[PDB]
> 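Mind having a look at this structure? Questions to follow.
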Amino acid sequence: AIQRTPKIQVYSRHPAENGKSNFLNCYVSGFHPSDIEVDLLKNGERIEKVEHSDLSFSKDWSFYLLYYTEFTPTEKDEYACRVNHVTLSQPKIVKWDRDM
Amino acid sequence: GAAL
Amino acid sequence: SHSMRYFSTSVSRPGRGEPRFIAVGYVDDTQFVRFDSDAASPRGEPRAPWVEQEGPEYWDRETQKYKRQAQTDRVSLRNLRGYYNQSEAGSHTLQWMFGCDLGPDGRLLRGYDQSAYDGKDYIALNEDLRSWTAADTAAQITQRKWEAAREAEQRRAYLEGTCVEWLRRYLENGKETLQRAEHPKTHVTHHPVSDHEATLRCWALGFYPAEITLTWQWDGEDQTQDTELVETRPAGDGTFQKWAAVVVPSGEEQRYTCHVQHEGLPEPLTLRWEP
Ligand SMILES: *C(=O)CCCCCCCCCCCCC
């Protein structure tokens with residue numbers, strides 16, 4: 001069957017400001033089939049109390065999901081999203097860029 | 001309803 | 001026009017039990033309900049404040065419909081595997097989307113109901129809400145079954161009545177968020193990438209509903225082939241975000257314009273990098 005790989009975006013809800021509480025988002029979209037695993041990472045380690053949306057899909061039948069957590073941007077901590085899907089031989093890591 |  | 005739309009997905013897992021069923025419902029781009037047959041407690045659950053007040057009868061009623069549809073989808077997946085002569089070993093997906101658009105008389109403007117198998121169009125209710133379009137000879141079997149079962153008349157009755165009546169109720173109870181467009185808040189950023197090129201990134205933030213157009217022009221000529229356009233994404237607070245970027249010759253930035261279209265804007269917006 002169809003196997004479309006997720007488009008993975010890692011981003012903050014509000015413009016990032018160091019020391020101001022925000023939300024860290026990992027959005028996966030455009031994928032098929034729907035089984036997928038998503039972790040948010042801080043300094044390489046899994047953030048645990050991460051929430052997520054419910055499985056939905058777009059006009060072209062591809063799926064999308066939002067994973068998110070409260071976080072505080074800092075100068076030196078590294079935030080990322082890790083995704084596994086049948087289209088990936090190993091989990092894909094996307095590091096947060098504050099202007100993407 | 002009906003199945004496909 | 002305003003719309004109510006329901007989405008469902010069933011996924012089989014041969015050898016690991018029966019298929020999983022996940023359903024969600026939306027008014028416009030705002031989710032209000034979810035159901036997951038694999039959830040810790042498989043019940044219809046609220047996902048918007050303007051549906052939290054509905055009584056236990058509403059939630060019992062909706063939960064029973066979801067459980068029945070999950071059971072029906074299991075049969076459909078079994079039938080589809082037969083139609084296409086597929087092995088018992090493979091996992092497959094059945095998706096359904098249906099909904100109603102609200103017309104200016106408070107009644108149905110248009111209805112839609114469509115199904116996909118393994119991510120490809122399968123059968124759809126036509127605009128007349130009376131006839132079906134089948135994608136292939138397998139879906140023509142379904143078409144014949146549903147004509148004999150008078151299925152379209154059932155779907156039409158829901159779309160014309162219950163769907164529009166509840167869409168109107170939700171629009172009133174959640175009016176201070178559902179009947180409010182939020183325009184995009186925009187800005188353009190600039191990132192040199194070499195000694196003579198730079199990225200221009202056009203941002204749209206905080207907008208609702210989700211539909212938006214973001215395009216870059218050079219000397220008024222659209223540059224879509226050379227534009228990196230991310231998928232429209234949820235901010236998590238009910239609003240959406242998007243950006244579009246082009247790599248441009250440094251010193252030509254003034255010749256590039258970002259164009260934004262959204263229902264919350266009185267006219268299309270034209271932007272430039274200003275620093
Ligand atoms: C067949 O006549 C049994 C009726 C049960 C189906 C209830 C309506 C379908 C459920 C819709 C919600 C799930 C799809 C989003």
Side-chain angles (χ1 to χ4, degrees), chain A residues 33-34 53-59 61-65, chain B, chain C residues 2-12 18-39 41-48 51 54 57-80 92-101 108 111-117 119 121-125 129-130 132 142-167 169-170:
Chain A
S34 53
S53 69
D54 312 309
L55 188 70
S56 189
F57 52 86
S58 298
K59 200 177 61 165
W61 305 104
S62 66
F63 297 106
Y64 61 83
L65 288 170
Chain B
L4 284 62
Chain C
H2 292 289
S3 58
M4 183 162 67
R5 299 181 182 110
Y6 280 94
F7 298 77
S8 66
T9 305
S10 287
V11 188
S12 64
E18 288 299 283
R20 178 178 182 187
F21 176 87
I22 304 174
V24 296
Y26 289 86
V27 170
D28 300 322
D29 293 325
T30 301
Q31 188 193 355
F32 67 93
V33 63
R34 69 169 180 201
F35 176 92
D36 184 347
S37 66
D38 265 9
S41 185
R43 290 194 53 88
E45 297 189 317
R47 302 292 275 158
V51 81
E54 305 286 357
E57 173 159 30
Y58 171 93
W59 293 107
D60 287 9
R61 136 189 130 121
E62 294 301 296
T63 291
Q64 288 175 7
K65 293 194 289 197
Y66 291 122
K67 291 180 177 184
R68 306 193 234 134
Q69 188 58 45
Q71 295 293 155
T72 300
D73 272 12
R74 298 179 181 181
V75 178
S76 295
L77 284 166
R78 172 56 178 90
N79 291 342
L80 291 159
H92 299 276
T93 301
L94 174 59
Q95 287 161 277
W96 191 23
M97 185 281 314
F98 62 89
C100 53
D101 296 344
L108 187 65
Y112 33 90
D113 179 330
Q114 305 186 62
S115 299
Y117 181 60
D121 286 344
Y122 184 80
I123 193 166
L125 187 63
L129 307 184
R130 295 180 62 257
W132 304 93
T142 302
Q143 180 187 39
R144 279 189 293 280
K145 296 205 289 188
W146 286 3
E147 288 167 359
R150 299 175 58 168
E151 185 67 16
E153 288 166 78
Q154 323 259 52
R155 313 272 182 108
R156 179 181 181 180
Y158 167 80
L159 293 167
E160 295 180 349
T162 300
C163 192
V164 165
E165 282 158 27
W166 280 90
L167 171 53
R169 179 188 176 105
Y170 298 146

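Counting starts at 1 for both ligands and their atoms, following the listed order. Within every chain, numbering begins at 1; the chains are lettered A, B, ... in the order of the sequence lines, protein sequences first and strands thereafter.
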> Which residue holds the protein heavy atom closest to atom 7 (C) of ligand 1, what is that atom called, and what is the gap in Å?
C:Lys65 CB, 3.8 Å
> Which class fits the ring pair C:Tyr6 and C:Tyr66: parallel under 30°, tilted 30 to 60°, perpendicular over 60°?
tilted
> Cation over ring, C:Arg155 on C:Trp132, under 6.0 Å and within 45°?
no
> Would C:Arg169 and C:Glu54 pass as an ion pair if we require N to O under 4.0 Å?
yes
> Give the residue, atom name and distance (to 0.1 Å) of the protein heavy atom nearest atom 15 (C) of ligand 1.
C:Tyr6 CB, 3.5 Å
> Taking only heavy atoms of C:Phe98 into account, list the atoms of ligand 1 that are under 4.0 Å away from them.
11 (C), 14 (C), 15 (C)
> Tell me, which protein residue and heavy-atom name are nearest atom 3 (C) of ligand 1, and how many Å apart are they?
B:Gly1 N, 2.4 Å
> Answer yes when C:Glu147 and C:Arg144 have at least one side-chain N-carboxylate O distance shorter than 4.0 Å, and no when they do not.
no
> Using a strict cut-off of 4.0 Å, indicate which atoms of ligand 1 neighbour a heavy atom of C:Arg68.
4 (C), 5 (C)
> Please give me the minimum heavy-atom distance between C:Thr93 and C:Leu77, naming the atom from each residue.
C-CD2, 4.1 Å
> Give a yes-or-no answer on whether the side chains of C:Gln69 and C:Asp73 include a donor-acceptor pair shorter than 3.5 Å.
yes
> Enumerate the atoms of ligand 1 whose separation from the nearest heavy atom of C:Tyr66 is less than 4.0 angstrom.
12 (C), 13 (C)
> For ligand 1, which atoms have a heavy atom of C:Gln69 less than 4.0 angstrom away?
6 (C), 9 (C), 10 (C)
